[PDB]
């Protein structure tokens, strides 16, 4: 509970004032915990944030599980997951805190350790889509891990570096990418 509260309040603070401006001091006092209890559950701001991040990935996955019901075939899952990545991320309040966090502990394989099991999870969604695509004969992929990392990162890029363009155009471009790319597997 005190741990659940630290997480809840911290998430709001990072959302309101970003990663850098938020202090464990603010988190401790507003969550009504202490520096000791905080230190025992998370050790560091970095770690607390990674934990919030894991919780968010779980939420995403549950969202994805209910959402893909709208996409029968794996080909459709791929179109929908990318469109979903773009539209949701546009109004995801933690995106700014995340950007800050990455640039922060990038030259530290420490606060970039669990950062792996995390990104790996993002990519798994693609892995499932492509593995099943293979079994369902929708396509034939040499090695899924490679194609999954590529799809995962090409999509982050279209989502991230487009920010400067009408949302309707963005979706149209992403769908075009989904189309061209799936066409490079046949």
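Positions refer to the first chain, counted from 1.
Enquirer: Tell me which stretch has the larger mean Cα B-factor in this entry, 16 to 24 or 162 to 170.
Expert: Per the PDB entry, the higher value belongs to 162 to 170.
Enquirer: Of the two stretches 54 to 62 and 134 to 142, which shows the higher Cα B-factor on average in the entry?
Expert: Of 134 to 142 and 54 to 62, the stretch with the higher C-alpha B-factor average is 134 to 142.
Enquirer: Compare the CA B factors listed in the entry for 30, 118, 128, 151 and report the winner.
Expert: Most elevated C-alpha B-factor of the set, per the entry: 118.
Enquirer: Lowest, middle or highest third: where is residue 34 by C-alpha B factor in its chain?
Expert: It falls in the middle third of the chain.
Enquirer: Relative to the other modelled residues of the same chain, rank the CA B-factor of residue 156 and answer lowest, middle or highest third.
Expert: Its C-alpha B-factor, which the entry lists for residue 156, ranks in the lowest third among residues of this chain.
Enquirer: Looking at the C-alpha B-factor of residue 185, is it in the lowest, middle or highest third of its chain?
Expert: For residue 185, whose C-alpha B-factor we compare with every modelled residue in the chain, the answer is the highest third.
Enquirer: Using the temperature factors of the C-alpha atoms in this entry, rank residue 73 within its chain: lowest, middle or highest third.
Expert: Middle third by C-alpha B-factor.
Enquirer: Select lowest, middle or highest to describe the third in which the CA B-factor of residue 110 falls within its chain in this entry.
Expert: Answer is highest: the recorded C-alpha B-factor places it there.
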